[PDB]
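**Student:** Handing you this structure, nothing more for now.
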Amino acid sequence: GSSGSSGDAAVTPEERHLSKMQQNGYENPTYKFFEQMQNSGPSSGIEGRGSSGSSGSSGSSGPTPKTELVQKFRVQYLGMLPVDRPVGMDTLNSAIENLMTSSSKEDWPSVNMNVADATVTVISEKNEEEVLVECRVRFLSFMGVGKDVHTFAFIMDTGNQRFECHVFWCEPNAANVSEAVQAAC
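For the sequence shown, my numbering gives the first residue as 2, with consecutive numbering after it.
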């Protein structure tokens, strides 16, 4: 796909915001925190020997979940594209073209972006319990758009240092989407 306009008089307030996402993108801070978590360093002292190690998981309920509105957007699901890097405009984009050639524009099933409680869940158009894809912003490492604003992708973590890049088509542009998802971050 060859993108490029001949000229232009004035720039729209929607594009400008999209340009930024095209420059470098949006990196999630949390992800970083999850890695290096500040903790006490008692290392200092008269202790330099001994081997130990334990593990466990305690559970306890408290408050109750309440009803909270949600944001739903209309978009298509090109598919999932495996990557080697957690971030990088060259990694996310590359994936786009990959899925683009994989299936046609009509091949992509019309889905809906369910943005709630900082959770990105791609719910089918008709089916609500389909949960075609389940992504959590808190886990989202990097996200950005392709050469074209209409194309919107994002990188998510599944497990075992794994990263998946999903693409979605937005209309008219991915400005209302790239903004709704970011706010969740």
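For each residue, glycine too, the CB sits at the ideal point set by N, CA and C.
Kindly identify the DSSP beta-bridge partner or partners of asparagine 115.
**Tutor:** Its beta-bridge partners are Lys73, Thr122.
**Student:** Look at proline 110 and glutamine 77 and say whether their C-beta atoms are less than 8 Å apart.
**Tutor:** Taking 8 Å as the Cβ cut-off, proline 110 and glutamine 77 qualify as a contacting pair.
**Student:** What separation, rounded to the nearest whole angstrom, lies between the Cα atoms of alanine 96 and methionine 38?
**Tutor:** Going from the Cα of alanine 96 to the Cα of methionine 38 covers about 31 Å.
**Student:** Alpha carbon to alpha carbon, what distance is there between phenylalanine 34 and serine 41?
**Tutor:** Straight-line Cα distance between these residues: approximately 15 Å.
**Student:** In the DSSP output, what is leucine 82 paired with across the bridge?
**Tutor:** Paired residue(s): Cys166.
**Student:** Between the region 50-65 and the region 143-157, are three or more C-beta pairs nearer than 8 Å?
**Tutor:** Because the criterion of three Cβ pairs below 8 Å is not met, the region 50-65 and the region 143-157 do not touch.
**Student:** Taking the straight line between their C-alpha atoms, what separation do you get for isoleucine 124 and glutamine 72?
**Tutor:** Computed Cα separation, rounded: 12 Å.
**Student:** For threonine 65, which three-state DSSP category applies?
**Tutor:** Correct three-state label for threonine 65: coil.
**Student:** Helix, strand or coil: which one does DSSP assign to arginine 137?
**Tutor:** If DSSP states are grouped into helix, strand and coil, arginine 137 belongs with the strands.
**Student:** Along the chain, where does the alpha helix (DSSP H) that runs through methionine 22 open and close?
**Tutor:** From DSSP, the alpha helix (DSSP H) with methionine 22 extends over 14-24.
**Student:** Determine whether the beta carbon atoms of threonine 13 and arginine 139 lie at a separation below 8 Å.
**Tutor:** For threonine 13 and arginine 139, no; Cβs fall outside 8 Å.
**Student:** So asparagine 174 and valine 150 are supposed to be a Cβ contact under 8 Å. How far apart are they, rounded?
**Tutor:** That belief holds up - the Cβ atoms of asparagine 174 and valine 150 are roughly 4 Å apart, short of 8 Å.
**Student:** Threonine 122 and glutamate 135 look like a contact to me (Cβ under 8 Å); what is the Cβ gap, rounded to whole Å?
**Tutor:** Contact flag correct, Cβ pair sits at about 5 Å.
**Student:** Between which two residues does the beta strand (DSSP E) holding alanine 154 run?
**Tutor:** Where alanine 154 is concerned, the enclosing beta strand (DSSP E) stretches over 152-158.
**Student:** Measuring straight from C-alpha to C-alpha, what distance separates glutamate 172 and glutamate 16?
**Tutor:** Approximately 13 Å, taken between the alpha carbons.
**Student:** Whole angstroms are fine: how far does the CA of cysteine 186 sit from the CA of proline 66?
**Tutor:** If you take the alpha carbons of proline 66 and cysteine 186, they lie about 21 Å apart.
**Student:** What does the alpha-carbon distance come out to for the pair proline 83 and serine 6?
**Tutor:** Using only the alpha carbons, I get a separation of about 31 Å.
**Student:** In chain order, what residues of the same chain lie with their CB nearer than 8 Å to the CB of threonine 159, ignoring the 5 residues before and after it?
**Tutor:** Same-chain partners within the cutoff: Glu165.
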